[PDB]
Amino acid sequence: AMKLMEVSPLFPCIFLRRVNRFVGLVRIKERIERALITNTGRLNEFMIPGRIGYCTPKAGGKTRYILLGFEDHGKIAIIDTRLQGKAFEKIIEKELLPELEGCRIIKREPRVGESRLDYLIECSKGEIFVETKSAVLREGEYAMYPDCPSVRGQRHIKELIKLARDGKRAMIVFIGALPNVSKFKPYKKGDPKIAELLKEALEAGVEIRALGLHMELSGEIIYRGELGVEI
């Protein structure tokens, strides 16, 4: 394990209810507060009235707090996809993935086919498109994706497959931002098309990685290393 970054300040809160896919209500001390949710998943196991979450302030505009994660086995599971992405960016910056040494992000959200993928990364010998996905659904030692059907994700995997068949470099990285997981697999029930598409991706040449991450109550974000991938 090693430290990537720190989030400050971090406020414990009580999760009250999800208003819609973008917003939740939480209790912070005396106050009921609107908190941004940046994760399109159901997060049914986390979004339970009474559960302890962790928020950070947001300077402007619509909402003043971001719900970053939830208490999970004494640590914090990171649900916020923006934070997960920032953690990934630190991994790239610090060159902590040997295969991506000497590589850096040159474009964020470039258009690819009918969609956009997270990153275009430039290396010494060429470029690589990298899509990162949240994997915070737990089954024992596994982090899983997704927790419900994702058309957005089906599209992304299709564009990755097409890149690889065109002989371009393509990668999907699952961010297993849960403490105490050592492996990754697709949650077939959540989206059987995605599980089928990930198999097709492997065969086509799309590189698949999964990373273990969590946040400590201190705000420190910890990179545990890679998770064992099953597809």
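Quick note: we count residues from 1 along the sequence shown, nothing fancier.
Taking only CA atoms, the mean B-factor in the PDB entry is higher for 54-62 than for the other of 54-62 and 192-200.
The PDB entry records a higher mean C-alpha B factor for 149-157 than for its counterpart among 129-137 and 149-157.
In this structure the maximum Cα B-factor among 41, 205, 186, 69 is found at 41. Set against one another, the Cα B-factors of 19, 16, 217, 211 in the record reach their highest point at 19. In the PDB entry, residue 90 places in the middle third of its chain by CA B-factor. When the modelled residues of the chain are ordered by C-alpha B-factor, residue 100 sits in the middle third.
When the CA B factors of the chain's modelled residues are split into thirds, the value for residue 81 lands in the middle one. Among the modelled residues of its chain, residue 177 has a C-alpha B-factor that falls in the lowest third, as given in the PDB entry.
Residue 25 sits in the lowest third of its chain by CA B factor, as recorded in the PDB entry.
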